[PDB]
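Report on one structure; see the data block that follows.
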Amino acid sequence: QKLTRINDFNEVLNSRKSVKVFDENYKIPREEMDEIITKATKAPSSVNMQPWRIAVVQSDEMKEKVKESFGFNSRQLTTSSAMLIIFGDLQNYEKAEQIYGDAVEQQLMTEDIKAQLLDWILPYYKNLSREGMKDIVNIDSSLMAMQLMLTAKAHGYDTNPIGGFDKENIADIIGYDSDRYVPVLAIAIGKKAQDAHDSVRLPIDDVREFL
Amino acid sequence: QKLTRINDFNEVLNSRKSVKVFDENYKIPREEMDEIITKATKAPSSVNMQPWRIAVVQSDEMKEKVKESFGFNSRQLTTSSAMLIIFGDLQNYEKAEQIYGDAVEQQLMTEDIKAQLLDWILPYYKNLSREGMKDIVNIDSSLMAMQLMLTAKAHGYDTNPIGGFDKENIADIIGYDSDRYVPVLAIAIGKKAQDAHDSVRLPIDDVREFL
Amino acid sequence: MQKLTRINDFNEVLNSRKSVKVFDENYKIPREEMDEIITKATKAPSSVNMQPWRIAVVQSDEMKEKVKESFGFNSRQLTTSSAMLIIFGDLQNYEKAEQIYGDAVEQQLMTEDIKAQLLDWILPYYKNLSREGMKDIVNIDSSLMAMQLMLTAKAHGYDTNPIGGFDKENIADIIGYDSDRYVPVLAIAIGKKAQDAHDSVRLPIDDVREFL
Amino acid sequence: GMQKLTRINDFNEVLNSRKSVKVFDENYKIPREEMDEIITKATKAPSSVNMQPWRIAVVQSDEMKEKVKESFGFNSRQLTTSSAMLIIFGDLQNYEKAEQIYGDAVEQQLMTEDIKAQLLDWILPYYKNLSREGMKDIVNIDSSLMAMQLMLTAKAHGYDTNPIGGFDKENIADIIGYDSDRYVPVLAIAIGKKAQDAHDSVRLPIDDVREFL
Ligand SMILES: Cc1cc2nc3c(=O)[nH]c(=O)nc-3n(C[C@H](O)[C@H](O)[C@H](O)COP(=O)(O)O)c2cc1C
Ligand SMILES: Cc1cc2nc3c(=O)[nH]c(=O)nc-3n(C[C@H](O)[C@H](O)[C@H](O)COP(=O)(O)O)c2cc1C
Ligand SMILES: Cc1cc2nc3c(=O)[nH]c(=O)nc-3n(C[C@H](O)[C@H](O)[C@H](O)COP(=O)(O)O)c2cc1C
Ligand SMILES: Cc1cc2nc3c(=O)[nH]c(=O)nc-3n(C[C@H](O)[C@H](O)[C@H](O)COP(=O)(O)O)c2cc1C
Ligand SMILES: [Ca+2]
Ligand SMILES: [Ca+2]
Ligand SMILES: [Ca+2]
Ligand SMILES: [Ca+2]
Ligand SMILES: [Ca+2]
């Protein structure tokens, strides 16, 4: 099965499904993984603070270290080209200067406006509770995740989003500071070896209401 | 006035930006809003439990009732064709029998599989802490939200995801049970009246690494 | 979509206000909502706006346990209720006259001049009332508020049972209030119903009203 | 005249607009059908052992207004201009209606005769042996509960009221022809169509009137 790119928006959305068995002999070139991640990170985020951080778990070394933490999802882990583990940086505002300074350098805003924005943004973010900030980073990182899955599909790959992993211990196992980086979601990615099962969705009346 | 659609996936992704001023006289036909939402809700969710609930705020009356709660986001609120307020249902498992029943009716699984899945899913979901369930529904609802913003853009509309609203009171203001439904984020949607500002993203090396 | 339980039709609220005696023991009314109900209840009228009512909201296991014997045969309501509201009347209610009428000046409803003219007759009137006469005043005022409380509770989706059968001689002391100053008027059990109220009969109105 | 007025059906609107109006339209009179609807709803109020001790003198005639005029003292404008001055009395021998009330419950299939007898077996000795002061407390409370509901219902019908305690309670029963030993005045309520807006009034912060225990 040739890798087959998909250019049509509706066809990408329609083909995005949870594949759970990938081709073990297919590895995604780094340059292509970086293109996919670059596209995903164009996602929006609260005050453009981009709190998402991705561990691209490709080696047998690291996969083996995290295998038990993935429990009944071991076969996605085993067969995938990579297991992407998406964390949220609870001190994401540490990059405010870099990010907003980049906007100034790229002539998207003046320094004057950068200072006026950051004068309210920084105290707001710094004063958030841990729980409030966890909510923020979970939401932003998930927005990026969805765009990642769609882009992966456009490139001809398939994914499986995964929450059934040990979120209490995963940062420690991989070596990230568990006080600062909270795991949000994992995404298995690769070339499909088995078709996804189709799934149902609720009737629209069960999920939206006009007011 | 039929809007110009965007059929190419990459162009849709590249064109998704936060628009904050909409055409006040342009209202999205209900059939089209429902097509957008139907496409959005093909997003994945944990155990396919689809905890998202969208309040499509479009009337003068409800817009006026929620105006104070939107604070400095009044322009998006007033000019939008709709302000979508996305809640997560903390008791989303009450629809498990319905959803999984639908999967058997549509020949996607046999009843033995359905029963075995529910035998572990229900206890797990029913015994999660409020905070744990809040994490699940924030993540799922955000996945859906991203697909909604992209679909809206494919349709020629624009959006602005919004977090700066009174989440403590919003459920009560609109009449939803705040014990069951937590607000996740809002999305202003309509026909653009002012171009979005372009914005920067972090270099790839500051957001991902290979392990 | 699961909504807040509200009854907004005025007649519907009055019609469904019935004495519920068995409540859902697991359901507790959030404080914000109790305060909203009490805020609306206290919009009731009172003689010279002196607002003599004082509400002990008995919700804790410890205080429930303490008042339990005082509630005698109303044990179903005390036990199962989200709260037992015990309404007292302040026989020295006029001690808040400067505060109350002061707030009216602050809120631009009357001038200080008018506040002084009013209090110049109201204070000697209230201060020279007998104990029994003041008890009549606070019983009436507190009952007016209590009815509006029960109606507002029903409008919020809750039910009530007004209760007079408790130990009024000792309840103030049990709760920690000065029995000389604060007289018990009535108690109101409040919560989410676990059993429908029994319906009750009313007299034909021509046995209780006449045109003169 | 006697036009039926604009109703307020929203519970919060009714509660928010219930204020003491002291000047009514002197030429507006409330039709009996409407006053009776108002009283019918009001008497759905609860009362101790459902004994319903309230008795309403609906003073509407020029003749009876004149008779009670001096008894209303500085409340003369409310009396004069009102469609009616309601004077609510409490019956200190309210248990004389027990057989009727409880009998009606049996007739209406809300309880068995068997249960009615058991209830009255304790209720009657209890009520008949209360002190005069204890009974006055009961009837004041019950009648006040009904009075609040009457004022709200009146407002829902588009009318306004003014509760009034400043009248001659010592003599009012005798003046209108009620047995002053048996019937005690609780409060009066002026009712009519407003001719001037009520003054807005303040309430204490709730922290001064309630606490959680
Ligand atoms: C969760 C979330 C909350 C946001 N809150 C607001 C908001 O309250 N008001 C607003 O104008 N924009 C809000 N934004 C828009 C962001 O500022 C915007 O996405 C970011 O600056 C990137 O710009 P772009 O969306 O044009 O790519 C929010 C975005 C997200 C994802
Ligand atoms: C946040 C999240 C967590 C998930 N967790 C797992 C998981 O641990 N293991 C797994 O096999 N699938 C997992 N799923 C996949 C869902 O079961 C799947 O998305 C859902 O059944 C819908 O099917 P679809 O993705 O093919 O549309 C997860 C999905 C999401 C969004
Ligand atoms: C002042 C007062 C005291 C009451 N005392 C009790 C009581 O001690 N125990 C009880 O079960 N009900 C008590 N009741 C409830 C009455 O029995 C009830 O209101 C009456 O039977 C009418 O029924 P309803 O409230 O359902 O309309 C009391 C009611 C009032 C107004
Ligand atoms: C029991 C009672 C007796 C009252 N007595 C009089 C009275 O004699 N004359 C009068 O003008 N108002 C009287 N008032 C009206 C009060 O002054 C009024 O309710 C209070 O100032 C609150 O204003 P509001 O009713 O507009 O909310 C009485 C009220 C009550 C409840
Ligand atoms: Ca830079
Ligand atoms: Ca500059
Ligand atoms: Ca650390
Ligand atoms: Ca009969
Ligand atoms: Ca029998």
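Each ligand, and each atom within it, is numbered from 1 in the order the structure gives. First the proteins, then the strands, lettered A, B, ... as listed; each starts at 1. Note: hydrogens, waters and symmetry copies are ignored here, and every other heavy atom, side chains too, is used.
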Report task. Answer yes or no: is there an ion pair linking A/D179 with A/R130, defined by an N-O contact shorter than 4.0 Å? Result -> no
Report summary line: Shell check on the Ca ion (ligand 9): protein N, O or S atoms less than 3.0 Å away are D/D114 OD1
**Report entry** Salt bridge present between D/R182 and D/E96 (N-O < 4.0 angstrom)
**Finding:** no
Query raised in the report: Would C/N15 and D/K41 count as having a side-chain donor-acceptor pair, cut-off 3.5 Å?
Result: yes
**Report entry** Passing candidate, side-chain hydrogen bond (donor to acceptor under 3.5 Å, both in side chains) with C/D207, options D/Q100, D/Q52, D/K97, D/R55
**Finding:** D/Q100
Query raised in the report: Are D/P46 and D/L145 close enough that some pair of their side-chain heavy atoms sits under 4.5 Å apart?
Result: yes
Report task. On the 0 to 90° scale, with breaks at 30° and 60°, tag the A/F87-A/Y176 ring pair as parallel, tilted or perpendicular. Result -> perpendicular
Query raised in the report: With sequence neighbours excluded, what pairs up with B/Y125 under the ring pair (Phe, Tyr, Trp, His ring centres under 6.0 Å) test?
Result: none
Report task. State, yes or no, whether a side-chain contact exists between C/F211 and D/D36 at a heavy-atom distance under 4.5 Å. Result -> yes
Report summary line: Looking only at heavy atoms, the pair that brings B/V137 and B/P51 closest together is CG1-CB, 3.6 Å
**Report entry** Test of ring centre spacing under 6.0 Å for A/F22 and A/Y157
**Finding:** no
Query raised in the report: Does A/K17 come within less than 4.0 Å of A/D158, counting only side-chain N to carboxylate O?
Result: no
Query raised in the report: Exactly which residues line ligand 2, taking a heavy atom under 4.0 Å from it as the test?
Result: A/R16, A/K17, A/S18, A/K20, A/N73, A/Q76, A/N160, A/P161, A/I162, A/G163, A/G164, A/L185, A/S199, A/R201, B/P44, B/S45, B/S46, B/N48, B/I139, B/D140, B/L143
Report task. Spell out the protein N/O/S atoms under 3.0 Å from the Ca ion (ligand 8) as residue plus atom name. Result -> D/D104 OD1, D/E107 OE1, D/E107 OE2
Query raised in the report: So, A/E32 and A/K27, do they make that salt bridge, N to O below 4.0 Å?
Result: no
Query - Over 12 non-hydrogen atoms of neighbours within 6.0 angstrom of CD1 in B/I113 - result: yes
